[PDB]
Amino acid sequence: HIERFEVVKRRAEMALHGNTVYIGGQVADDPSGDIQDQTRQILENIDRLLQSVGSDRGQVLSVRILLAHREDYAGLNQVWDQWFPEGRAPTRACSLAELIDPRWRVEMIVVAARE
Amino acid sequence: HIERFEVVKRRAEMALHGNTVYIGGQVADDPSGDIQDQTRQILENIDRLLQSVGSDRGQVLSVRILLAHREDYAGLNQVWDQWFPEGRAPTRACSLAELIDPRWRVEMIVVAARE
Amino acid sequence: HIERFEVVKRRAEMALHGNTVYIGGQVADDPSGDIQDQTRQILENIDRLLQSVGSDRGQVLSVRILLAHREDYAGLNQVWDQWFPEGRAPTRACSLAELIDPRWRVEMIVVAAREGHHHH
C-alpha cells in the first residue's frame with residue numbers, strides 16, 4: 001500500500017510509505033535563472049507535493065542538496081535559511097555535484113513525515 | 001605449509017527495520033561491460049535481495065543513481081525505463097559521480113518497503 | 001510528532017520520526033587532521049547523537065559516505081572496520097565528492113533505528 005504520485009516509466013515524483021514521504025530529485029522547472037530563483041522554485045514544488053499528501057513544510061526530515069557551483073552556495077543559503085518554520089528545519093547535507101543538465105544549479109532529494 | 005594472502009570484503013548488504021529495507025551501494029558483480037549490462041546486473045541483484053525478504057521490484061521507494069560517465073546516461077535509462085511495473089517506479093535521483101572502482105559505470109542506493 | 005535536536009535556521013543536526021533517526025551531514029569539528037582523525041571525530045559525534053535519543057552504533061541502518069580524496073579511502077575503512085560491533089555495521093555507499101570546505105576529507109549522512117529502551 002505504497003501510494004505514488006506523478007508517475008512515469010522513469011520515476012514517481014513522490015512515494016508515501018505509511019507515514020513517511022519520499023520525494024525524488026527536484027530541479028527547477030525553469031533553470032534559466034540564478035541559484036536563488038532555482039532554489040525557490042524547488043522549495044515551492046516541494047511545498048506543493050507535501051500539501052498534496054497532507055504533509056507540510058514543518059514536517060521535513062532530511063534534504064540532500066546537490067549544488068552545481070561553489071560560487072552559488074551563499075545564494076542557496078540566502079533562500080534556504082529564511083524558508084522553514086521556526087525550529088523545524090530538516091536535517092541537511094550539501095555538497096558539490098555534477099548534474100545531468102548543465103543548466104541546473106541545484107537538485108534536492110527529500111524525506112518527510114505525514115501525520 | 002601454505003600461507004594465503006587475500007583481499008576479503010565483508011559488506012553490509014541489507015538492513016531491515018520493520019517494513020523498510022535499506023540496501024548498501026550496489027555495483028555490477030562483473031563490471032567489464034557497458035552501462036546496459038552493468039545496470040541490468042544491479043537491478044537483477046536488487047530483485048534477488050528484495051525477494052529474499054518478501055519484497056519485490058514494485059515496492060521500491062527511492063533509488064539514488066551515481067553514474068560514472070555522462071555518455072552512459074542514455075544506456076542507463078534504456079534499461080531502467082523498461083524495468084518497473086506500470087505505475088510502480090520508485091522515486092529517483094541521478095547525478096554524475098566518481099566511483100571507488102574505475103571499472104564501475106553506475107552504483108545504486110536503494111530504500112524499499114516490505115509489506 | 002517529529003522531534004528535532006541541535007536546531008538552527010539552517011538545519012537540525014538530528015530528527016527523530018517515530019523510531020527512525022535521521023542525522024544530517026556530519027564533518028569533523030577539527031578538519032586539520034588526516035582521514036583517520038576526521039572519520040573518528042565524525043563517528044564519535046554520531047555516537048553521541050544516537051545515544052542521546054536511546055540509539056547506539058549497533059542500530060545504524062544506512063550511511064552515505066562522501067570522500068574528498070581517493071588516497072584517503074584505505075584510512076576511512078581502517079577506522080570503519082575498527083568501530084562497529086561484528087556483523088552490525090550499517091549499509092553504506094561511498095563515492096568521491098567535492099565538499100563545501102576544502103579541509104573536510106569526509107562527510108557522512110545517517111539513517112538509524114531507535115529500538116529498545118537503552119539508557120546511556
# chains A, B, ... in the order shown; residues from 1 in each chain; ligands from 1

call {"tool": "closest_atom_pairs", "arguments": {"of": "chain C", "to": "chain B", "cutoff": "7 Å", "atoms": "only C-alpha atoms", "output": "tab-separated table"}}
result
residue	atom	partner	partner_atom	distance
C:61	CA	B:15	CA	5.9
C:62	CA	B:22	CA	6.6
C:89	CA	B:12	CA	6.5
C:90	CA	B:12	CA	6.1
C:91	CA	B:24	CA	4.4
C:92	CA	B:24	CA	5.0
C:93	CA	B:25	CA	4.5
C:95	CA	B:99	CA	5.0
C:96	CA	B:98	CA	5.3

call {"tool": "calpha_fit_and_write", "arguments": {"fixed": "chain B", "moving": "chain A", "output": "mmCIF file with C-alpha atoms, in the first residue's frame"}}
result
data_model
loop_
_atom_site.group_PDB
_atom_site.id
_atom_site.type_symbol
_atom_site.label_atom_id
_atom_site.label_comp_id
_atom_site.auth_asym_id
_atom_site.auth_seq_id
_atom_site.Cartn_x
_atom_site.Cartn_y
_atom_site.Cartn_z
ATOM 1 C CA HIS A 1 21.878 -9.989 14.886
ATOM 2 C CA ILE A 2 22.927 -8.201 11.708
ATOM 3 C CA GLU A 3 23.151 -10.809 8.930
ATOM 4 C CA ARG A 4 25.800 -10.220 6.306
ATOM 5 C CA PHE A 5 26.274 -11.683 2.825
ATOM 6 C CA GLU A 6 29.222 -12.147 0.459
ATOM 7 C CA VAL A 7 31.715 -10.825 3.007
ATOM 8 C CA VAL A 8 35.411 -10.090 2.565
ATOM 9 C CA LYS A 9 37.788 -7.937 4.657
ATOM 10 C CA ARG A 10 36.887 -4.874 2.577
ATOM 11 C CA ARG A 11 33.086 -5.136 2.618
ATOM 12 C CA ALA A 12 29.872 -7.120 2.894
ATOM 13 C CA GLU A 13 27.904 -6.995 -0.352
ATOM 14 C CA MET A 14 24.746 -6.946 1.732
ATOM 15 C CA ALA A 15 23.710 -6.441 5.344
ATOM 16 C CA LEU A 16 20.295 -7.131 6.831
ATOM 17 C CA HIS A 17 19.191 -5.255 9.951
ATOM 18 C CA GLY A 18 15.790 -6.424 11.132
ATOM 19 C CA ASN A 19 13.587 -5.855 8.089
ATOM 20 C CA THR A 20 15.901 -3.402 6.346
ATOM 21 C CA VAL A 21 18.379 -4.428 3.657
ATOM 22 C CA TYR A 22 21.567 -2.495 2.807
ATOM 23 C CA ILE A 23 23.362 -3.267 -0.476
ATOM 24 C CA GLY A 24 26.731 -1.633 -1.037
ATOM 25 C CA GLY A 25 28.173 -0.165 -4.225
ATOM 26 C CA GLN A 26 27.117 -2.295 -7.208
ATOM 27 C CA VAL A 27 28.988 -2.204 -10.493
ATOM 28 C CA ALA A 28 28.913 -4.347 -13.644
ATOM 29 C CA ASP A 29 30.880 -7.571 -13.319
ATOM 30 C CA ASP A 30 31.619 -7.113 -17.044
ATOM 31 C CA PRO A 31 32.208 -3.369 -17.581
ATOM 32 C CA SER A 32 33.221 -3.795 -21.224
ATOM 33 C CA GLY A 33 29.687 -2.912 -22.447
ATOM 34 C CA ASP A 34 27.533 0.189 -22.807
ATOM 35 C CA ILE A 35 25.362 1.896 -20.168
ATOM 36 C CA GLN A 36 22.352 -0.249 -20.996
ATOM 37 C CA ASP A 37 24.333 -3.431 -20.552
ATOM 38 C CA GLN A 38 25.989 -2.340 -17.296
ATOM 39 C CA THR A 39 22.668 -1.086 -15.879
ATOM 40 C CA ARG A 40 20.991 -4.398 -16.616
ATOM 41 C CA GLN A 41 23.864 -6.373 -15.015
ATOM 42 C CA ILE A 42 23.679 -4.306 -11.851
ATOM 43 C CA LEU A 43 19.873 -4.540 -11.622
ATOM 44 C CA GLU A 44 20.007 -8.305 -12.172
ATOM 45 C CA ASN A 45 22.630 -8.673 -9.414
ATOM 46 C CA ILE A 46 20.407 -6.601 -7.134
ATOM 47 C CA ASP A 47 17.506 -9.007 -7.980
ATOM 48 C CA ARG A 48 19.708 -11.961 -6.998
ATOM 49 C CA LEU A 49 20.839 -10.377 -3.712
ATOM 50 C CA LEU A 50 17.290 -9.428 -2.793
ATOM 51 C CA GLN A 51 15.881 -12.877 -3.526
ATOM 52 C CA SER A 52 18.535 -14.466 -1.319
ATOM 53 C CA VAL A 53 17.139 -12.667 1.764
ATOM 54 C CA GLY A 54 13.454 -13.032 0.958
ATOM 55 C CA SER A 55 13.039 -9.593 -0.560
ATOM 56 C CA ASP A 56 12.214 -8.651 -4.171
ATOM 57 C CA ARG A 57 12.276 -5.998 -6.871
ATOM 58 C CA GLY A 58 9.093 -4.410 -5.514
ATOM 59 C CA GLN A 59 10.580 -3.809 -2.047
ATOM 60 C CA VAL A 60 13.284 -1.259 -2.872
ATOM 61 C CA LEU A 61 13.274 1.955 -0.814
ATOM 62 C CA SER A 62 16.188 4.031 -2.182
ATOM 63 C CA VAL A 63 18.760 3.846 -4.933
ATOM 64 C CA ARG A 64 21.706 6.214 -5.264
ATOM 65 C CA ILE A 65 22.923 6.183 -8.849
ATOM 66 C CA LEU A 66 26.457 7.406 -9.600
ATOM 67 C CA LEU A 67 26.767 7.953 -13.362
ATOM 68 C CA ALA A 68 30.199 8.287 -15.014
ATOM 69 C CA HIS A 69 29.215 10.148 -18.216
ATOM 70 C CA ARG A 70 26.372 12.587 -18.899
ATOM 71 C CA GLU A 71 25.916 11.137 -22.415
ATOM 72 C CA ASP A 72 24.879 7.834 -20.767
ATOM 73 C CA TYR A 73 21.883 9.236 -18.878
ATOM 74 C CA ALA A 74 19.271 8.354 -21.507
ATOM 75 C CA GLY A 75 20.599 4.771 -21.785
ATOM 76 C CA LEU A 76 20.539 4.366 -18.019
ATOM 77 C CA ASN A 77 16.900 5.507 -17.963
ATOM 78 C CA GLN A 78 15.970 3.322 -20.953
ATOM 79 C CA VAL A 79 16.648 0.218 -18.849
ATOM 80 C CA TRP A 80 15.650 1.626 -15.459
ATOM 81 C CA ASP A 81 12.256 3.057 -16.534
ATOM 82 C CA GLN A 82 11.120 -0.436 -17.740
ATOM 83 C CA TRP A 83 12.388 -2.327 -14.666
ATOM 84 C CA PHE A 84 10.315 -1.943 -11.521
ATOM 85 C CA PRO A 85 6.909 -3.475 -10.856
ATOM 86 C CA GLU A 86 4.062 -1.106 -11.513
ATOM 87 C CA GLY A 87 3.787 1.663 -8.858
ATOM 88 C CA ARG A 88 6.715 0.184 -6.933
ATOM 89 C CA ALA A 89 9.700 2.236 -8.136
ATOM 90 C CA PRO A 90 12.080 3.191 -5.294
ATOM 91 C CA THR A 91 13.170 6.666 -4.392
ATOM 92 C CA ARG A 92 16.086 7.662 -6.588
ATOM 93 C CA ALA A 93 18.952 10.131 -6.771
ATOM 94 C CA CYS A 94 21.256 10.252 -9.754
ATOM 95 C CA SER A 95 24.274 12.520 -10.254
ATOM 96 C CA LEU A 96 27.568 12.435 -12.158
ATOM 97 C CA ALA A 97 30.565 10.949 -10.359
ATOM 98 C CA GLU A 98 34.108 9.869 -10.932
ATOM 99 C CA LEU A 99 34.268 6.154 -10.128
ATOM 100 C CA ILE A 100 37.326 4.157 -9.107
ATOM 101 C CA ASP A 101 37.490 2.006 -12.257
ATOM 102 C CA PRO A 102 37.306 4.140 -15.460
ATOM 103 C CA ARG A 103 35.440 1.231 -17.155
ATOM 104 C CA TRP A 104 32.421 1.520 -14.832
ATOM 105 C CA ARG A 105 29.659 3.554 -16.439
ATOM 106 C CA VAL A 106 27.403 3.422 -13.362
ATOM 107 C CA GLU A 107 27.378 2.364 -9.693
ATOM 108 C CA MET A 108 24.287 1.887 -7.512
ATOM 109 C CA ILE A 109 23.823 1.854 -3.756
ATOM 110 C CA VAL A 110 20.577 0.392 -2.363
ATOM 111 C CA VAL A 111 18.342 0.348 0.685
ATOM 112 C CA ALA A 112 15.402 -2.085 0.600
ATOM 113 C CA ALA A 113 12.841 -3.815 2.816
ATOM 114 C CA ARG A 114 12.206 -7.457 3.609
ATOM 115 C CA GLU A 115 8.714 -8.479 4.761
#

call {"tool": "residues_around", "arguments": {"residues": "residue 94 (chain C)", "least_positions_apart": "4", "cutoff": "7 Å", "atoms": "only C-alpha atoms", "output": "PDB file with N, CA and C atoms, in the first residue's frame"}}
result
ATOM      1  N   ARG C  64      25.683   7.276   4.079  1.00  0.00           N
ATOM      2  CA  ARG C  64      26.221   7.780   2.830  1.00  0.00           C
ATOM      3  C   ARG C  64      27.538   8.423   3.161  1.00  0.00           C
ATOM      4  N   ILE C  65      28.594   7.989   2.487  1.00  0.00           N
ATOM      5  CA  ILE C  65      29.956   8.492   2.770  1.00  0.00           C
ATOM      6  C   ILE C  65      30.488   9.233   1.566  1.00  0.00           C
ATOM      7  N   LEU C  66      30.738  10.527   1.739  1.00  0.00           N
ATOM      8  CA  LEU C  66      31.268  11.384   0.680  1.00  0.00           C
ATOM      9  C   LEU C  66      32.735  11.610   1.018  1.00  0.00           C
ATOM     10  N   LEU C  67      33.616  11.121   0.155  1.00  0.00           N
ATOM     11  CA  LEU C  67      35.049  11.111   0.428  1.00  0.00           C
ATOM     12  C   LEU C  67      35.727  12.123  -0.477  1.00  0.00           C
TER      13      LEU C  67
END

call {"tool": "select_by_dssp", "arguments": {"residues": "region 35-111 of chain B", "states": "helix (DSSP H, G or I)", "output": "ChimeraX atom specification"}}
result
/B:35-52,57-59,70-80

call {"tool": "residues_around", "arguments": {"residues": "residue 113 (chain C)", "least_positions_apart": "4", "cutoff": "10 Å", "atoms": "only C-alpha atoms", "output": "compact mmCIF listing (two decimals) with C-alpha atoms, in the first residue's frame"}}
result
# COMPACT_ATOMS: atom_id res chain seq x y z
CA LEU B 16 15.66 -4.33 7.58
CA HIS B 17 13.91 -2.08 10.07
CA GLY B 18 10.35 -3.31 10.44
CA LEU C 16 13.52 11.59 15.10
CA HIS C 17 10.39 10.24 13.36
CA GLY C 18 8.84 7.54 15.48
CA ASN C 19 11.68 5.06 15.86
CA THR C 20 13.71 6.19 12.85
CA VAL C 21 16.60 8.61 13.33
CA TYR C 22 17.92 10.98 10.65
CA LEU C 50 22.48 8.39 18.70
CA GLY C 54 18.40 5.93 23.10
CA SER C 55 20.00 4.57 19.92
CA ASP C 56 23.58 3.30 19.54
CA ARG C 57 26.21 2.37 16.95
CA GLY C 58 24.74 -1.12 16.58
CA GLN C 59 21.43 0.34 15.32
CA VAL C 60 22.56 2.29 12.25
CA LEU C 61 20.76 1.42 9.01
CA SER C 62 22.47 3.42 6.24

call {"tool": "atom_distance", "arguments": {"atom1": "CA of residue 85 (chain C)", "atom2": "CA of residue 119 (chain C)"}}
result
18.1 Å

call {"tool": "atom_distance", "arguments": {"atom1": "CA of residue 45 (chain C)", "atom2": "CA of residue 26 (chain C)"}}
result
8.0 Å

call {"tool": "select_by_dssp", "arguments": {"residues": "chain A", "states": "strand (DSSP E or B)", "output": "number ranges by chain"}}
result
A: 3-7, 12-17, 20-26, 60-67, 91-96, 98, 106-113

call {"tool": "atom_distance", "arguments": {"atom1": "CA of residue 10 (chain C)", "atom2": "CA of residue 49 (chain C)"}}
result
18.1 Å

call {"tool": "residues_around", "arguments": {"residues": "residue 36 (chain C)", "least_positions_apart": "4", "cutoff": "8 Å", "atoms": "only C-alpha atoms", "output": "ChimeraX atom specification"}}
result
/C:40,75-76,78-79
